[PDB]
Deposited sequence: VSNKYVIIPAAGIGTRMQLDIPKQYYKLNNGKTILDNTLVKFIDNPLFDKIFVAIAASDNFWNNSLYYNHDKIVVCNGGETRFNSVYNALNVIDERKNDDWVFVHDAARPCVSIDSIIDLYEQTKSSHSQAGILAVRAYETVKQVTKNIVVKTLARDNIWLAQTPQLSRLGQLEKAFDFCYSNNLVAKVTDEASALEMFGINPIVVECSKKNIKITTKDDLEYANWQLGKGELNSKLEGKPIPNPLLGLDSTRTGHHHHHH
């Protein structure tokens, strides 16, 4: 089957953070697109968001499409733009700002997911710190240990089932409750496997993990 990557734009929730030339004059989005562009495992990459002058990519593998109100919508759109898509194709949804994901992790994810009952999987890191929930800088609830992970991307699923979960969530107005790809699947009744990546795989939100990203290399 074919392997597709969807890379969403996100501001949820002028000049998106993803046009940020970080180190080596290398745009934060472009550095991410690299690991999938230069990899024959991925057939097409759907970048959803004036992209003429982004500009680094009017590349063969790259297909641009219309981002939406939310991450969910951008991914939904991207799915809807995959012509000649088949139920058994593969979709990796990935953060525009994670150019630190390792190849070993992506491979582990694909293989393990491919042999799973679910046919869905996410990269994830285990949570050893206590998860709290907070209202107005006050701790309102706490989570009992220990089966807790923070989800990292790529998140991977067979295409057909992913589209059905998305249609299900959209048509039932569960979009706001949707956070990652896995949560859409779970609401649809599909529970993805978890594949441990490295804490080195982080999303670039702050100036601090930007530093981590540079010392990363």
Segments lacking C-alpha coordinates (deposited sequence numbering, starting at 1): 1, 15-19, 56-60, 229-261
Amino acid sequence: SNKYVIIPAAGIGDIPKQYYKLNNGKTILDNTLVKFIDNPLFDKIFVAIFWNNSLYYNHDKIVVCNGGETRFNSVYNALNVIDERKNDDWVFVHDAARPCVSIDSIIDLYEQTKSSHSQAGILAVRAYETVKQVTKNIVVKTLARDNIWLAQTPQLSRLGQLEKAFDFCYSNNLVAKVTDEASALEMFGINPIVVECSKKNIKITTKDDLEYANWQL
From here on, numbers count along this sequence of modelled residues.
Residue range whose averaged C-alpha B-factor is higher in the record, 25-33 or 163-171: 25-33
Average Cα temperature factor in the PDB entry - higher stretch of 199-207, 16-24: 16-24
Largest Cα B-factor, entry values, listed residues 149, 188, 56, 42: 56
Options 156, 176, 184, 49 - largest CA temperature factor per the record: 49
Chain-relative CA temperature factor third for residue 86: middle
Entry-reported Cα temperature factor of residue 131, expressed as the chain third it lands in: middle
Within-chain third of residue 123 by Cα B-factor, per the entry: lowest
Record-listed C-alpha B factor of residue 145: chain third: highest
